[PDB]
Amino acid sequence: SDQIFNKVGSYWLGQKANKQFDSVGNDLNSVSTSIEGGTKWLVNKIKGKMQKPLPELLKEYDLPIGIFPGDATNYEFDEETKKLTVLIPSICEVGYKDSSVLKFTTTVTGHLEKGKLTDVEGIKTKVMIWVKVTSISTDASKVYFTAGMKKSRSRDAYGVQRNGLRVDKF
């Protein structure tokens, strides 16, 4: 004797959805460098000309001090800097009871103007206070040493009158 009935229902549903966000990246690139090659002389002719009549002109755009050796007083300027740079052959530190001691660096920068070179960057000068911007005011003729009349030196003898030796030349 049977009348058994067990119906089981089955439902179906399918949730379909999709959200996939990703992000695209990017990177930066910047490579740069530089060298120096202003001095160029494959010939070694021992005289302040090298191979071109240039060095006279540099000192010519500069003041009549010529510093002393003729090696220094080079007239150059940088591009990015736009500050003029005078090349001194070697770093000379000159000290005497004059004041104390003065440091003349090689590649010094400053505001060069026809007549006077104002505000340097490399020449630490102590005449009374130690300052690295004490500059050389010249009247395109007479010179007033780096400080501004604080040290009285006559252009007459060799331009700038102090006993220093830029240790690059003998």
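Kindly indicate the residue of region 92-120 that is part of a strand (DSSP E or B), over 17 Å from the mean Cα position of the chain (by Cα) and not β-branched (V, I, T) and also surrounded by the fewest Cβ atoms within 10 Å (Cβ to Cβ) among those meeting that condition. Step by step, filter region 92-120, then rank; the result is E93.
Only residues that are under 18 Å from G164 (Cα atoms), hydroxyl-bearing (S, T, Y) and either part of a loop (DSSP other than H, G, I, E, B) or in contact with a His (Cβ under 9 Å, 6 or more places away or on another chain) (or both) were counted in region 135-145, giving 1.
Within the span defined as region 67-79, every residue fails to be surrounded by 18 or more Cβ atoms within 10 Å (Cβ to Cβ) and touching a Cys at 6+ places or on another chain (Cβ under 8 Å).
Only one of the listed residues (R162, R155) is within 12 Å of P69 (Cα to Cα), out of contact with any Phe, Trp or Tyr (no Cβ under 7 Å at 6 or more places or on another chain) and of a type outside the set (G, A, S). That residue is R162. Pairing residues of region 126-147 that are over 14 Å from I67 (Cβ atoms) with residues that are surrounded by fewer than 22 Cβ atoms within 10 Å (Cβ to Cβ) and acidic (D, E), at Cβ distances under 7 Å and at least 6 apart in sequence or on separate chains, gives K132/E121; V133/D119.
Filtering region 35-68 to residues that are among the hydrophobic types (A, V, I, L, M, F, W, C), out of contact with any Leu (no Cβ under 7 Å at 6 or more places or on another chain) and in a loop (DSSP other than H, G, I, E, B) leaves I35, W41, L42, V43, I46, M50, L54, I65, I67, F68.
Please note: Cβ atoms are built from the backbone with ideal geometry, for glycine as well, and neighbour counts cover all protein chains shown. No lab work stands behind these numbers, since they all come straight from the coordinates.
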